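Q: my complex, first installment, coordinates as in the assembly:
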Amino acid sequence: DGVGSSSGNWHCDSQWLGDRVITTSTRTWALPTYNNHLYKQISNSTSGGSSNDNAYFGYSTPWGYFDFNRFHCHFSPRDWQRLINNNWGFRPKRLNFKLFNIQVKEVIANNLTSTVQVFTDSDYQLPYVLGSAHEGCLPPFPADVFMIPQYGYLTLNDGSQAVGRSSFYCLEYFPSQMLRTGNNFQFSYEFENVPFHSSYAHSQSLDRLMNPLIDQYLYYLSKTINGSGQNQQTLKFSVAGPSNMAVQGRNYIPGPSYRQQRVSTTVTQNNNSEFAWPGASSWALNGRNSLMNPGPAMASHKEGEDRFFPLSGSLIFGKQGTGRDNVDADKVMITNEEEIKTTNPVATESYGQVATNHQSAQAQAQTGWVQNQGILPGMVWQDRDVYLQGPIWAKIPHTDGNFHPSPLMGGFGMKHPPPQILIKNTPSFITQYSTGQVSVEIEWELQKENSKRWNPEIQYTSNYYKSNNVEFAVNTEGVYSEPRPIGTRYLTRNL
Amino acid sequence: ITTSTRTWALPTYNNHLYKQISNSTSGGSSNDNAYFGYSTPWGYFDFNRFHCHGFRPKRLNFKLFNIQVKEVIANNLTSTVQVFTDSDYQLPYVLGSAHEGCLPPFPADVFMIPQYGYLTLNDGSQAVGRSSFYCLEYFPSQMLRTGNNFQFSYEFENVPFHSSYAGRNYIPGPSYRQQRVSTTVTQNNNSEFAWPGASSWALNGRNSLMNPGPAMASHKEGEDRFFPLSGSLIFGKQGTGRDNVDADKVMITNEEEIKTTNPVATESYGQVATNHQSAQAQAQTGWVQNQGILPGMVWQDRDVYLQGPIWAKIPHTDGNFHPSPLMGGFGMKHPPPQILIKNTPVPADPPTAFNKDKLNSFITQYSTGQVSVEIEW
Amino acid sequence: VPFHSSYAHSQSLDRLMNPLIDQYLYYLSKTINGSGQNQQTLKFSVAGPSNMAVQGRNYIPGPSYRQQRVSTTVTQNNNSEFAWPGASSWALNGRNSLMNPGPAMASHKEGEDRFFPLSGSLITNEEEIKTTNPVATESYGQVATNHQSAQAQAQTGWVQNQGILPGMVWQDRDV
Amino acid sequence: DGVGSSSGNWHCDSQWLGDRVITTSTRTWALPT
Amino acid sequence: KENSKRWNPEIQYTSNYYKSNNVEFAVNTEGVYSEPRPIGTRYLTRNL
Amino acid sequence: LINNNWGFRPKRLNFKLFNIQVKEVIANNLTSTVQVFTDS
Amino acid sequence: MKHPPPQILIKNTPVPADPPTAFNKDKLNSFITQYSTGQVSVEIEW
Amino acid sequence: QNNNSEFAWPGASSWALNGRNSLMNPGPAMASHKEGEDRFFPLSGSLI
Amino acid sequence: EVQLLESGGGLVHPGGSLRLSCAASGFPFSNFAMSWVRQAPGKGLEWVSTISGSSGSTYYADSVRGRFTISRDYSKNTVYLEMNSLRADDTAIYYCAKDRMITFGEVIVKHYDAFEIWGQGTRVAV
């Protein structure tokens, strides 16, 4: 449109409209050139390939891509607070995206004739890497300028080698748009209908749903013997009632479980051995053992045991300024997922006991522990909580069948997620980088809390006690930090 | 379209008071059994059992009429009765727990309305900061004198019919093993294995019996003397006491019609390979005690009884599998709503000089009347 | 009816991630400072391209009910009549029925084509589905069996059969 | 109206509508001479 | 309504306790209602 | 109300008095009246 | 005034210098030195 | 911390009307205490 | 300010029971871990017990464990240290200390760091 006229304005804010929210975030970005405009085949033995568990095969591309998949992109800490204290549920509706006010720099002067190529994959033909919880998200604090992450993908492998079924994709084989300093790029997306995320905690447990004042008309076996001696066998039956709530009949049972190892934040209590990988729960696929992380949604711990956390069973976030390798416990934030204990078994405990034999006068009744339990009819469970820092959506693997597609790191499982957005630098070459702006807009649907609860709720609140710094704000050096992981589950419901 | 009518009488509960009840209220001493909750002056109506009345319920109709108030015994014509239903399902739902207090199966019997109470989150006998409290006086309700009546209609949500009949592609359904018990005491082991040998599920560090549990056949065909420990519904005979009644005072049901598509309760599901065979190592197997759902599994749900419950409320959760309830019947997200009733308290003569405190003395009073409930099946 | 799937995935369940970008999630990398007594410590590291085993994933492979592994090299096979004794079966009303073909599972690991499941094949091999489906002759995975403490070291069991879990995908059997 | 006819019902709730709230409270009283 | 552009979260009124004998603002075992503390109206903030 | 709002104020008022019961000292005296009025 | 003339806020949009050739999650700390100038006209009827 | 004497009525600020003294309660609206001091309260300054 | 008033006082006979209270004021009671530190006559000061802000984690010293019990009452903002089956060496002056580290419920972390604010203390003679 013009060299000396801007192609777009800056939109950051949220509108709370009735039953809906509209979030809009605009960021400043910079895209370099990757691999000297080349594709370069990557395998593990390139870096030395220690384990077959780590053995991979794939490529790297010159293209970049945008990832807005984390909640702190679209929600300020206050917007997050308004949403979680006031609402039982939410879910996305429409998506909106703009790429504008582009600039290209020859390495440093202005190149006004250079272009930037961008395309979205709306038939989902490329490997979709947006559901892998990678770094490179639009920064939470809108004044941060960020670097576009380099795109890459993996395909089939045997060891470091490829196979006959392995694939290779050329992103140049997709028609794309070319943008100069007056051009802009935009598109609109429509989320496919998903169930509302539950931003609430049950006020009742699955086993306490009974009337405490009344007996059941059901009976249970109270006594198998009259007393101590020989040949004391008898069958007694009692009424299940208030005084014994453990034996009563129930219509629904807690959800599935896959047991985790229990680790204490008090280091002396832990065993003095390298049990971090050896004791971990894993699943093996094609001879390769992959760790189970975070796994099925289960409560982190039992009442009175908050010092413990499941080894691979929780989402762990880094604090601002934390390093990449071998950081201390204080430097990370281990999320707590106890709201779900009402319907979900404790991650570090066995699902229960089963009878392992037939009793007789010659054999005692023997039971054994259920370490893992698949879906049974009558089970009810909560999905994993979503956080300000955590993932929004994921793509459901395209397969003959799936069960409860909701992803295991939290968020909204989608067969047609938001499409990936690829970008590059159009290229012996001139050293070159481009910058510009990005604005994203999402419409959210909200489920209002209609509770008749008499006493006041638990709310998320900023502490008033004096401190050196304001939480969710910059320090003296100008660094923005998020002091804690904020889940969405505060308000309560009846089970 | 069945129709039922009964006569009832409603007393005054908790002396017109809401009162915290808990583990230590009843003496407690056990973590498995600990609880925290509230007892309310309100009563409620339970028609949830079949004898109060494939196939499946379509619509519902309820009526409350012929109001009679009794002050102590003389009539009281001025007094009122408060009634309301929870159609937003905002109260804790106690109707699906298989309690007593149903409309009696015999039309000339008279029944006392049971007291409304509910449980919430506990730790030990204490309350967590997430626990909830509910004043039912906070809901809009209708007040009835001796000339007033109450009625409403309810529409059952769409549910599947209940089955009422008795190299492979498909396999039998899931199993969670129950311990086997013989009706002959001399065959059973001489030890107390009632709670020790039971199949359980632990939730938040509290063991709950698995009752009735998944839907399975009670016993192998040809063995009619065995029944699963916790795996069956056990109904009491007329006159059977509350505590430690012998095996002849109760009725232990059998599911054996479902043995075609379902595994036996007391049997392992099957075997699996536990190793790699080789020239050095024999082929080893192990027993499957519990098996979750697999693609290609088929099963039959639990059969319904004349004494058995009709419906349950599907818990409100992110997900569930096969919501059909375990004690049997039609599972529903929006079941028939709770119906709450109480006598409006009548204050005795006031002190005539002002006092800040609430009025603690009332006229001893109860009410009685008629209830008709009609269901299209 | 749904379209029968007639394709082989070019990607595996464990290989979904972007090989060039580090995950923003931390895992527990080390539980001891060094060799010897009183070395307990808690160290965490970013999951990344170098270690692809420990990453977090949104989806896990489908259910499995293990089969006995039989080799096309007869000498390798055990010297016993284990065709029936070592078979995975399900019992229905007192009658043992073999599991055939059984849940759809990869017939063998990549790198061994001489092995096949005892009752698990129609000898047509399913190895194309080894991407999202575990191996019929292998364990589904490992499960922690206890609580480790200063006295007791962490322990793990083997999962021979695994029922449906939320977040599983699988391929059906091929026609 | 009559001895057996009620002159009102029990109304207690709170309605949250847009920019307004509507609160309703019903109590039972006793008046001495 | 409040339209504040404040970035960080506000202070809210919440029930602080974790485990306790009586939930606040509810009946006790005797059936006596109680209001545990006096609650003010001022939590959200404005610019002066 | 206090967490979500910067201000509030009353608008309208609706008062009702019903289900009157007059007693004698204790039985129901049906012919009595109750004197009620508002000073507007 | 309770609603005085509204504040007018202005800044130079940050234009970053050359980012590295390998992706780094940290925010860009290096920027092209820049400043702006222009004209302001304000009209007040009295 | 308090003085060892009876100052509840003698030390209280008040306003006289037509010859009768009356306690100033709660009085004009003022902060109950300086920042950092929670243990001090006005004699009749706040509602109790 | 921040103010810790502990009085359990007491002179008891060996094997007897005593309950220390510490009334805390001026800070968010739930978000800080409270601990008891003990100092015998003419000796060094010895840590006894600590309790999480949410009271989900209570840590006892090795000599103390099984005898003393720490708890907190959220209604009165008071931390209790009931001790039973006391012994001669329990004679000392007990302190009540607030932790430096502020915590919340949404992260699993150790609840003890350093004792920021102490208290004048009480004497337990036995």
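A: Arrived safely. Numbering: from 1, shown residues only, chains lettered A, B, ... in the order given.

Q: Does residue 80 belong to a helix, a strand or coil?
A: Just so you know, I chose chain A. helix (DSSP: H, G, I helix; E, B strand; the rest coil).

Q: Please apply the same query to the one 5 residues further on.
A: The three-state label for residue A:85, taken from three-state DSSP, comes out as helix.

Q: Quick one: residues contacting it.
A: A:457, A:459-460, A:490-491, E:12, F:3 (C-beta atoms under 8 Å, 6 or more residues apart in numbering or on different chains). C-beta coordinates here come from the backbone N, C-alpha and C atoms, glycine included.

Q: Format those residues as CSV; extra columns: secondary structure.
A: Putting those into CSV (three-state DSSP) gives the following:
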residue, secondary structure
A:457, coil
A:459, coil
A:460, coil
A:490, coil
A:491, coil
E:12, coil
F:3, coil
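
Q: which residue is nearest the middle of the chain?
A: No chain specified, so I'll use chain A. residue A:409 (3.0 Å; C-alpha atoms, centre = their mean).

Q: Switch to chain I, please.
A: Nearest to the geometric centre of chain I sits residue I:36, at 2.8 Å (C-alpha atoms, centre = their mean).

Q: I'd like the next helix or strand past the helix or strand harbouring it.
A: Element membership for residue I:36, per DSSP states H and E: strand I:32-39. Counting by DSSP H and E, the next helix or strand C-terminal to strand I:32-39 is strand I:45-51.

Q: Relative to the helix or strand just after that following strand, what are the paired strands and their orientations?
A: Downstream of strand I:45-51, the first helix or strand assigned by DSSP H and E is strand I:58-60. According to DSSP bridges, strand I:58-60 forms sheet pairs with strand I:45-51 (antiparallel).

Q: Compute the inter-axis angle for the partner strand and strand I:32-39.
A: With axes from the mean of the first three to the mean of the last three C-alpha atoms, to 10 degrees defining the directions, strand I:45-51 sits at 150 degrees from strand I:32-39.

Q: buried ones in strand I:45-51?
A: Of the residues in strand I:45-51, I:47-51 count as buried by neighbour count, 16 or more other C-beta atoms under 10 Å in any protein chain shown.

Q: Among those, which one lies nearest to chain H?
A: Closest approach between the buried residues of strand I:45-51 and chain H, by C-beta to the nearest C-beta: residue I:51, at 23.3 Å.

Q: what is that closest one paired to in the beta sheet?
A: residue I:34, residue I:58.

Q: Spell out which residues of chain I are next to chain E.
A: I:28-30, I:54-56, I:73-75, I:105 (C-beta under 8 Å from any C-beta of the partner chain).

Q: Specify which member of these is nearest to residue G:21.
A: residue I:105 (43.8 Å; C-beta to C-beta).

Q: Any idea how many residues pack against the closest one?
A: 19 (other C-beta atoms under 10 Å in any protein chain shown).

Q: Who are the contact partners of it?
A: Contact analysis of residue I:105 by C-beta under 8 Å, 6+ apart lists A:306, A:336, A:338, E:18, I:54.

Q: Apart from its chain neighbours, what residue comes closest to the last one?
A: So the one you mean is residue I:54. residue E:18 (4.5 Å; C-beta to C-beta, 6 or more residues apart in numbering or on different chains).

Q: Pull up the gap between the residue lying farthest from the centre of chain I and residue A:144, please.
A: Here chain I reaches farthest from its C-alpha mean at residue I:106, the gap being 24.3 Å by C-alpha atoms, centre = their mean. To residue A:144, residue I:106 is 24 Å away according to C-beta to C-beta, to the nearest Å.

Q: Drop chain J onto that structure:
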Amino acid sequence: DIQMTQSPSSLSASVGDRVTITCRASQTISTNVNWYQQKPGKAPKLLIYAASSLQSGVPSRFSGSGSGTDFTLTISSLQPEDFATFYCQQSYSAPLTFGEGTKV
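A: Chain J, in position alongside the others:
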């Protein structure tokens, strides 16, 4: 159980001149050590936390250093207010441990 041993048991020194106290832990506890002082008849007061960080009210003449096993508490510009028994504490793991103490 982790043991903190503070090397000078008692000490005396001239005012204004540097004093240094160190304690050696039984294992690598990283930066978890804390420093306190107790005057006669008075409750202890926190000086240093997280090995080197100083408390808001503590004078800048106090400082601390070290990691793993070894930690030192250095006092420059000793003063008459500064004469008290000093302690080092581990924050690393429970049960928590105080050093023997140093009377200065």
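
Q: circling back to that earlier point, any figure for the gap between the residue nearest to the centre of chain A and residue A:97?
A: From residue A:409 to residue A:97 the distance is 23 Å (C-beta to C-beta).

Q: Find the closest residue to chain F in chain I.
A: For chain I, C-beta to the nearest C-beta, closest residue to chain F: residue I:28, 17.7 Å.

Q: Go ahead and confirm that residue touches residue A:465.
A: Yes. Counting by C-beta atoms under 8 Å, residue I:28 touches residue A:465, with 5.4 Å between them.

Q: Which of those two has more residues huddled nearby?
A: residue I:28 (14 against 11).

Q: how close does the more buried one sit to residue E:14?
A: Residue I:28 sits 11 Å away from residue E:14, going by C-beta to C-beta.

Q: swap in residue A:244?
A: Taking C-beta to C-beta, one finds residue A:244 at 36 Å from residue E:14.

Q: residues touching the closest residue to residue I:29 other than its chain neighbours, list them.
A: The shortest distance from residue I:29 to any non-neighbouring residue, by C-beta to C-beta, 6+ apart, is to residue I:77 (4.6 Å). Contact partners of residue I:77, counting by C-beta under 8 Å, 6+ apart, are I:23-25, I:29.

Q: Who wins on neighbours among those?
A: Each of the contacts of residue I:77 was scored for neighbours by other C-beta under 10 Å, and residue I:24 scores highest at 22 neighbours.

Q: Could I get the contacting residues of it?
A: I:3-4, I:34, I:77-79, I:96, I:98.

Q: now do residue I:64
A: For residue I:64, the contact set (C-beta under 8 Å, 6+ apart) comprises I:48-49.

Q: doesn't it fall inside a strand?
A: No. Looking at residue I:64 with three-state DSSP, it is coil, so not inside a strand.

Q: Please report phi then psi for it.
A: phi -80, psi -30 (degrees, to the nearest 10).

Q: Can you tell me how far it is from chain D?
A: Using C-beta to the nearest C-beta, to the nearest Å, one gets 51 Å for the distance from residue I:64 to chain D.

Q: Looking at chain I, what residue ends up closest to chain A?
A: Going by C-beta to the nearest C-beta, chain A is nearest to residue I:56 of chain I, at 3.8 Å.

Q: Correction: the previous question concerned chain J.
A: Distances between chain J and chain A by C-beta to the nearest C-beta are smallest at residue J:93, namely 4.3 Å.

Q: I'd like to know how many residues surround that residue.
A: Neighbours around residue J:93, by other C-beta under 10 Å: 24.

Q: Could you look up the SS state of it?
A: coil.

Q: how about the strands in chain I?
A: I:3-6, I:18-25, I:32-39, I:45-51, I:58-60, I:68-73, I:78-83, I:92-102, I:115-117, I:122-124 (DSSP state E).

Q: among the ones you listed, which is nearest residue J:100?
A: Checking the strands of chain I against residue J:100 by C-beta to C-beta gives strand I:45-51 as the closest, at 10.7 Å.

Q: any idea how far residue B:148 is from the residue of chain A found nearest chain I?
A: Nearest residue of chain A to chain I (C-beta to the nearest C-beta) works out as residue A:306 at 3.8 Å. Separation of residue A:306 from residue B:148 (C-beta to C-beta): 54 Å.

Q: And for chain J, the residue most distant from the center?
A: The C-alpha centroid of chain J is most remote from residue J:1, which lies 19.8 Å away (C-alpha atoms, centre = their mean).

Q: Could you verify my assumption that it touches residue J:97?
A: Yes. Look at residue J:1 against residue J:97 with C-beta under 8 Å: they come within range, at 7.0 Å.
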